[PDB]
S.K.: 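Below you'll find the structure I mean.
Every chain is numbered from 1 and lettered A, B, ... according to where its sequence line falls, protein lines coming before strand lines. Note that ligands are numbered from 1 as they come in the structure, with each ligand's atoms numbered from 1 the same way.
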Amino acid sequence: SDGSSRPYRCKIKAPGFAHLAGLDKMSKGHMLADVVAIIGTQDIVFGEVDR
Amino acid sequence: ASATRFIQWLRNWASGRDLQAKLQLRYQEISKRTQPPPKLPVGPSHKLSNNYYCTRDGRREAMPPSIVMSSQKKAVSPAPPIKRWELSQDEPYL
Amino acid sequence: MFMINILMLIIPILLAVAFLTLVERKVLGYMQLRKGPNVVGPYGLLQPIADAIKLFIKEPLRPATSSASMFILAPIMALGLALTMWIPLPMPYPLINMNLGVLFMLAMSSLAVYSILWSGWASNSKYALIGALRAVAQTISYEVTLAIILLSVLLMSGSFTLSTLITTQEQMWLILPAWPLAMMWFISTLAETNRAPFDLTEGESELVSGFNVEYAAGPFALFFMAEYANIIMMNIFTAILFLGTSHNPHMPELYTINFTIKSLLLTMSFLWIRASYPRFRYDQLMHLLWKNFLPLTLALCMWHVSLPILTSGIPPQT
Amino acid sequence: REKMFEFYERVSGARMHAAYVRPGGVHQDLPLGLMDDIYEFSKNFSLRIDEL
Amino acid sequence: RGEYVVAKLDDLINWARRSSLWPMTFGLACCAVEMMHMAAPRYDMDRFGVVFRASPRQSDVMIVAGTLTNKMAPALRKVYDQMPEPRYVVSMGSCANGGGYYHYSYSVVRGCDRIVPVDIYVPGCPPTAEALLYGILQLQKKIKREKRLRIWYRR
Amino acid sequence: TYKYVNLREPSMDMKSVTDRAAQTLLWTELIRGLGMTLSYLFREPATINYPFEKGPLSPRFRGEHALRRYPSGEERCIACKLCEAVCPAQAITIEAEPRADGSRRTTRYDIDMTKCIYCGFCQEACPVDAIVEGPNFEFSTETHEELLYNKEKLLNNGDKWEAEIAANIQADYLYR
Amino acid sequence: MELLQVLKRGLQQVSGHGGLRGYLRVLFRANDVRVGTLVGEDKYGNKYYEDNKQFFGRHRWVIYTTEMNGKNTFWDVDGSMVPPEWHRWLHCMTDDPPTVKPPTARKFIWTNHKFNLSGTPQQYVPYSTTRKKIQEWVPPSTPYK
Amino acid sequence: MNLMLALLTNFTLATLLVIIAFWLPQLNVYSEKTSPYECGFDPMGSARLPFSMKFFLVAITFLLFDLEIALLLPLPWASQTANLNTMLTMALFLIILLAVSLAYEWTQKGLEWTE
Amino acid sequence: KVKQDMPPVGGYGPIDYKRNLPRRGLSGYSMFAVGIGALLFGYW
Ligand SMILES: CCCCCCCCCCCCCCCCCC(=O)OC[C@H](COP(=O)([O-])OCC[N+](C)(C)C)OC(=O)CCCCCCCCCCCCCCCCC
Ligand SMILES: CCCCCCCCCCCCCCCCCC(=O)OC[C@H](COP(=O)(O)OCCN)OC(=O)CCCCCCCCCCCCCCCCC
Ligand SMILES: CCCCCCCCCCCCO[C@@H]1O[C@H](CO)[C@@H](O[C@H]2O[C@H](CO)[C@@H](O)[C@H](O)[C@H]2O)[C@H](O)[C@H]1O
Ligand SMILES: CCCCCCCCCCCCO[C@@H]1O[C@H](CO)[C@@H](O[C@H]2O[C@H](CO)[C@@H](O)[C@H](O)[C@H]2O)[C@H](O)[C@H]1O
Ligand code: SF4
Ligand code: SF4
Ligand code: SF4
């Protein structure tokens, strides 16, 4: 806030942002169908990841 | 609700549960779609006296940050170490 | 009069296939707390007709990168071979009475795999290629165990003739003396028909549509008709193998009714299984067959060679 | 999930983007009879988890 | 009579196409959640003959369910082009309709109809699952009105 | 407090080991799962018969917009522009002037329904209950231009829907 | 036997709809042959039914008129044909049908409901409702120069 | 004859369905429509590039195992022999050597896919 | 007097939440015994 009635800056911290960044780490040594499972286990919604 | 007795028995047996006690389709236990009007309460500031705004003004009590050090004895941590969690006594193991 | 008999086999097959698509969507729907098609015709009875007309007036596409001749050939092979699987089936009389009907069915099942391999390869797209190579793995997984499971059963029937299985099971269903093989046979037919939980060559949630991702309209319909025809045909085969219907030579239609009911229920079981389970991983399918079914199938094959000899109950050659 | 969307719509008028929780509290108070219906839903829900 | 025949043939193909609408498994943002609720048991879009299929080659309708950004625009146009014809586009929600809450963003396409032709516009943010179903039934009644063979006959 | 979701040791007594062998070989836990889907086959489905049946809604539902009148027929809107100021989407456009009788009334009142996020802030902001979100949600159109509402469209909506809108406001205005 | 009682209810539905012709009309128009209590009818011919033994969401329903506002709606029905007075009841925004609790009358309320007119000649077309802002000088009609 | 007539009819029926499928519908062909599919973005590299096979050793073993069943399928007929002592011994011998070969490949980690 | 949505005077009735997967089925011995019994009858 800068004192006015409009926010000066609003950074949104999305939990899925950091989770998806770890997808490559988590998928090491796995097959394609496991990557499908790993995407679901992180519970990613791109409304928050992308903003 | 309209299932015959044998069909209720069959699906009860197949699922291993008594499905008639907790049907997932709603019948008449739900609220009526027309309700009496409400009469909502008022808040603590609804008074005719002893209610000056300057004594209940949260925004005007906000202050600029305290400068601890600027560039113009025992060690400490940010807070005490977190207490260890205890196991649930409701159901410790799933 | 033989040409009439051919048409009275394949016209009904395709009609049964069309209405199996409706039945699957209704059965899945009710198992999913919904209804499924019930608007297009009463109780959705015209829905298969709408889909069929829709697809065959849809624009068919030949992908720019595809190998044209093989692209067209594969769907023609798929449906052609699917209909060929039905000709030796005794219901109770086969259209074609073969001495080695079982071996014929095995060979034609192997040839039908190439309609998956060539369609996927001819599409010249990555998801299509991945789907086709999953079919290679699937075939490697089940084919050896599938043949030896049949062999163990035929050691009680005594011949490779499909009609002999009726004679073999006149007193009692073969499911009794060979329920372990029936268990493993039933799973093998799911893998053989690319059916859930072994729907890997299409694997929608992984490969979009796998081997047939580039197919549209009528060419796509041919692949759908083929797979659903094979699903029905393999459950008729399962009924003949393990749930033999008694045959009265003077009332052959009583056999047909009893046998048709059994084949339908086995087909309903395929849909039921699809509604119930998650999908395998295609390397886990290969390990299922080779590390579990094959050791057991080899042991049971040894047992079913010895058992007739030790009990003095070897079946007649004829 | 569809029945819980009804709770959203009954407090806010929207099934999804309620815009109901605001700095200072909430936009409107619960309509009469809503807590009864949440109780009916919650009573049966654990059985649904069991089926899953 | 030629007219009577092509009139009846138009009814048949129009009936077949609207009775068997296969949307592409294509969703973009929040609006895709309501699209999921149309497939869910309460509305059961499958019961109208509406079935999702992943491949564009096997899809008849594109439901643009959510914001279309500039980075995504070429991909949406690609999968639309790859649908065989006849093909239809249903624009779902304010974002797809005209940009919505993000109309003034540097990264958003102000309406998917800048990218693809649109047959039906479903308003809302998001439209309820029932509102989307109303839009699909509206698409069906549009297909029912088509006069391809009648116009061909009079060419 | 916490609990462990998966920290249990299987017992090794011969009965338990055989119970697990039967599970592995006879597929008992897979058969059990088939039972659940079978029970659902015989449950009545949750599907409603749209459009002959409709999903339930409440008086607060935020749908298509409408401009309202007083019982006399005069417009409630007095061109204060509070709805225009609050609109998160800048979906509202307003112009105003003294009417021929001197009244403070709008000459333009547009809502871009493809910009609007159907948030209801405009009706919260309105001091005279002029702009509302009505209960209609079945107004999808074949063209984009049909969703750019001007004052004539919004007034027609109010006249079209006032019977329902007034009853919905009657049910909920004591929560506002 | 219960399986017999079930078959009796199914046959009661054929008579409850006024015979096989009435039973087939509703089966092909609405894909539903249930019988409910006639709650009321509106001026366009829509008939409204309820059955409180059905589960919530299936306990009210409308059989749309076959002709509304000059349009043949025997096969073409849509949810926008329900007028506002019945719209509240059909969507369970209220428990009271307009028969019991009629809406407040106003002289400016539409006497004739209209359904969705998109795609037709009656469709709404947007335009600017404001008058021209700048007035241009008009030159004289006489020569003088 | 009956067999050749049946095969010809089936594959002719399939061919006619394809002929109708291509010549009945209205076509509109352009470059973007016929481009290869890959979820909206253009493919990176040809689909003809080598695709590594991680089950290559099982695939070769399938060839050897698939010939074993050719040796075993005659067993129903061999059971009609009068010399049942020899036949039973050789039948069991062949199947055991198949099991031994399976156990060897299993214990040597031939059935695990290359990672 | 004030009227707003409130719980009933004594509160709401108890609400289950803990996992409940009932124990069903015969033992491994009985199930294998039935399987072998069927096999022996089949062989005979
Ligand atoms: C299990 C198998 C199921 C098979 C299902 C078979 C479908 C049964 C229903 C058939 C309905 C009649 C076909 C109409 C659909 C035609 C597709 C279409 O929409 O085109 C619009 C087109 C519209 O063309 P247009 O001239 O108006 O405009 C298109 C050109 N531009 C783009 C510039 C505007 O119609 C036609 O061109 C001709 C219509 C003729 C309808 C009669 C069809 C005759 C069939 C012979 C075709 C010749 C090839 C032989 C094929 C085998 C014959 C059976
Ligand atoms: C007198 C002396 C007699 C001597 C002979 C005695 C022989 C009988 C005793 C031998 C044992 C009998 C049972 C043999 C059946 C085959 C058992 C089997 O192979 O199951 C094991 C398999 C692997 O399970 P898994 O836990 O993943 O791995 C094990 C650890 N590596 O598990 C699986 O297969 C999982 C399969 C997953 C896919 C299942 C999808 C369908 C499930 C429902 C089917 C229901 C069955 C219906 C059968 C219908 C038959 C027509
Ligand atoms: C890796 C190498 C593994 C090699 C394993 C080899 C295992 C071989 C086990 C022996 C198999 C045959 O076992 C043998 O079968 C014959 C007939 O079938 C039996 O013989 C019995 O039946 C035959 C006729 O059927 C009579 O002639 C004979 O008088 C009678 O004893 C023997 O009593 C039995 O010992
Ligand atoms: C006469 C036919 C019937 C007899 C059975 C013939 C087939 C015998 C199969 C192999 C038997 C021994 O060979 C096999 O060795 C490997 C060691 O890596 C073991 O395998 C080990 O790792 C694999 C993969 O994780 C798993 O099977 C298992 O978790 C573990 O035991 C098998 O448990 C053992 O079965
Ligand atoms: S229109 Fe509304 S609900 Fe739909 S994607 Fe955009 S913001 Fe989300
Ligand atoms: S509902 Fe919200 S976005 Fe729409 S016009 Fe009103 S204030 Fe603007
Ligand atoms: S807030 Fe109400 S009175 Fe003010 S301009 Fe908007 S509609 Fe008119």
Side-chain angles (χ1 to χ4, degrees), chain C residues 145 148-149 152 173-175 177-191 195-198 234-235 237-239 241-243 262 265-266 269-270 272-274 276-280 284-285 287-312 314, chain F residues 20-35 37, chain H residues 79 81-112, chain I residues 31-44:
Chain C
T145 294
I148 300 168
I149 284 161
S152 311
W173 289 341
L174 269 174
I175 192 91
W179 57 260
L181 295 163
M183 294 198 44
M184 290 194 287
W185 169 261
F186 181 75
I187 300 309
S188 307
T189 58
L190 294 164
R195 277 295 291 200
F198 311 112
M234 282 312 273
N235 283 299
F237 197 6
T238 297
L241 281 176
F242 291 107
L243 305 164
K262 289 181 204 170
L265 297 172
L266 285 160
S269 89
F270 267 34
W272 189 10
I273 282 154
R274 178 185 198 214
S276 303
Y277 302 134
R279 190 187 287 111
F280 272 72
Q284 298 176 342
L285 162 57
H287 286 172
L288 172 69
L289 273 274
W290 282 64
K291 292 185 171 175
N292 299 268
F293 285 16
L294 187 59
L296 202 75
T297 290
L298 289 174
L300 279 162
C301 185
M302 283 165 66
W303 176 236
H304 278 282
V305 170
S306 290
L307 171 64
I309 288 155
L310 81 93
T311 58
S312 166
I314 299 167
Chain F
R20 292 199 294 282
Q23 179 164 328
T24 291
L25 292 178
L26 311 184
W27 309 342
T28 58
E29 102 300 12
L30 293 174
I31 291 299
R32 178 153 172 162
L34 288 173
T37 42
Chain H
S79 295
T81 191
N83 185 213
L84 270 178
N85 318 259
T86 306
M87 169 265 162
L88 181 50
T89 305
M90 292 341 280
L92 295 181
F93 172 87
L94 249 184
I95 294 163
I96 283 154
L97 257 69
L98 182 45
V100 163
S101 82
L102 172 63
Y104 181 84
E105 189 182 20
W106 189 337
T107 47
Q108 296 323 279
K109 297 206 98 82
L111 304 182
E112 316 308 308
Chain I
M31 269 189 306
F32 284 128
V34 175
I36 305 274
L39 274 182
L40 288 168
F41 185 69
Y43 299 159
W44 178 82

S.K.: Could you check atom 17 (C) of ligand 2 against the protein and tell me its nearest heavy-atom contact, residue, atom and distance included?
M.R.: F/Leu25 O, 3.3 Å
S.K.: With a 4.0 Å heavy-atom cut-off (strictly under), which part of C/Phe242 contacts ligand 2: side chain, backbone, both or neither?
M.R.: neither
S.K.: Can you list the atoms of ligand 2 that are under 4.0 Å from a heavy atom of C/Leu296?
M.R.: 14 (C), 16 (C)
S.K.: Go through ligand 2 atom by atom and flag the ones less than 4.0 Å from a non-hydrogen atom of F/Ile31.
M.R.: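 Within the 4.0 Å cut-off of F/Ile31, ligand 2 contributes 45 (C).
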S.K.: If you have a sec, work out which protein heavy atom is nearest atom 27 (O) of ligand 3 and how many Å separate them, to one decimal?
M.R.: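 Heavy-atom neighbour on the protein nearest atom 27 (O) of ligand 3: H/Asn85 OD1, 3.3 Å.
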S.K.: Show me which atoms of ligand 3 lie under 4.0 Å from any heavy atom of H/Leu88.
M.R.: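 Reading through ligand 3 atom by atom, the close ones are 12 (C), 15 (O), 18 (O).
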S.K.: Quiz question for you: does at least one protein heavy atom lie closer than 4.0 Å to atom 40 (C) of ligand 2?
M.R.: yes
S.K.: If we set the cut-off at 4.0 Å for heavy atoms, which region of C/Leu243 has an atom near ligand 2: side chain, backbone, both, or neither?
M.R.: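 Looking at C/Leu243 and ligand 2, no heavy atom falls under 4.0 Å.
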S.K.: Do any nitrogen or oxygen atoms of C/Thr238 come within less than 3.5 Å of a nitrogen or oxygen of ligand 2?
M.R.: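 No; the residue has no nitrogen or oxygen that sits under 3.5 Å from a nitrogen or oxygen of the ligand.
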S.K.: Numbering the atoms of ligand 2 from 1, which are under 4.0 Å from a heavy atom of C/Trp179?
M.R.: 12 (C), 13 (C)
S.K.: Look at H/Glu112 together with C/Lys291 and state whether they make a salt bridge at an N to O cut-off of under 4.0 Å.
M.R.: yes
S.K.: Enumerate the atoms of ligand 4 whose separation from the nearest heavy atom of C/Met302 is less than 4.0 angstrom.
M.R.: 1 (C)
S.K.: I need the atoms of ligand 3 closer than 4.0 Å to a non-hydrogen atom of H/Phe93, numbered in the order shown.
M.R.: 2 (C), 4 (C)
S.K.: Could you check atom 9 (C) of ligand 3 against the protein and tell me its nearest heavy-atom contact, residue, atom and distance included?
M.R.: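 Of the protein heavy atoms, H/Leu92 CD1, 4.2 Å lies nearest.
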S.K.: Rounded to the nearest 0.5 Å, what's the gap from CD1 on H/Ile95 to CG on C/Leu298? Could you check?
M.R.: 7.5 Å
S.K.: Kindly state if atom 25 (P) of ligand 2 has a protein heavy atom within a strict 4.0 Å cut-off, that is, under 4.0 Å?
M.R.: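 No, no protein heavy atom sits under 4.0 Å from atom 25 (P) of ligand 2.
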S.K.: Yes or no, since that's all I need: does a protein heavy atom fall within a distance strictly under 4.0 Å of atom 29 (O) of ligand 4?
M.R.: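 Given the 4.0 Å limit, the answer for atom 29 (O) of ligand 4 is no, no protein heavy atom qualifies.
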S.K.: For atom 19 (C) of ligand 4, is the nearest protein heavy atom under 4.0 Å away?
M.R.: yes
S.K.: Do you see a protein non-hydrogen atom under 4.0 Å from atom 23 (C) of ligand 3?
M.R.: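 It does; a protein heavy atom is within 4.0 Å.
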S.K.: Which is closest to atom 35 (O) of ligand 4 in terms of heavy atoms, C/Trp303, C/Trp290, H/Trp106?
M.R.: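 It is H/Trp106 whose heavy atom sits nearest to atom 35 (O) of ligand 4.
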S.K.: For atom 12 (C) of ligand 3, find the nearest protein heavy atom and state the residue, atom name and distance (0.1 Å precision).
M.R.: H/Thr89 OG1, 3.6 Å
S.K.: Under 4.0 angstrom from atom 14 (C) of ligand 3, is there any protein heavy atom?
M.R.: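 When distances to the protein are checked, atom 14 (C) of ligand 3 has no heavy atom within 4.0 Å.
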S.K.: Can you list the atoms of ligand 2 that are under 4.0 Å from a heavy atom of C/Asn292?
M.R.: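 That gives atoms 23 (C), 28 (O), 29 (C), 31 (N) of ligand 2.
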S.K.: Identify the closest protein heavy atom to atom 1 (C) of ligand 3: which residue and atom is it, and at what distance?
M.R.: H/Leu97 CD1, 3.4 Å
S.K.: With respect to atom 3 (C) of ligand 4, which of C/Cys301, H/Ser101, H/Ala103, C/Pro295 exhibits the smallest heavy-atom separation?
M.R.: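 Going through C/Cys301, H/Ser101, H/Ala103, C/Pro295 one by one, C/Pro295 has the nearest heavy atom to atom 3 (C) of ligand 4.
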S.K.: Of the side chain and backbone of H/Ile96, name the one, both, or neither that has a heavy atom under 4.0 Å from an atom of ligand 3.
M.R.: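 Near ligand 3, H/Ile96 shows its side chain, while the N, CA, C and O stay back.
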S.K.: Does atom 10 (C) of ligand 2 have a protein non-hydrogen atom under 4.0 Å from it?
M.R.: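 Given the 4.0 Å limit, the answer for atom 10 (C) of ligand 2 is no, no protein heavy atom qualifies.
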S.K.: Is there a protein heavy atom at a distance of less than 4.0 Å from atom 20 (O) of ligand 2?
M.R.: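 Yes, at least one protein heavy atom sits under 4.0 Å from atom 20 (O) of ligand 2.
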S.K.: With heavy-atom distances below 4.5 Å as the criterion, would you say the side chains of C/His304 and I/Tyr43 are in contact?
M.R.: yes
S.K.: Under 4.0 Å from a heavy atom of H/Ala99: give me the atoms of ligand 4 that qualify, with their elements.
M.R.: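 By the 4.0 Å cutoff, the relevant atoms are 1 (C), 2 (C), 6 (C).
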S.K.: Within the protein, is there a heavy atom lying under 4.0 Å from atom 32 (C) of ligand 4?
M.R.: yes
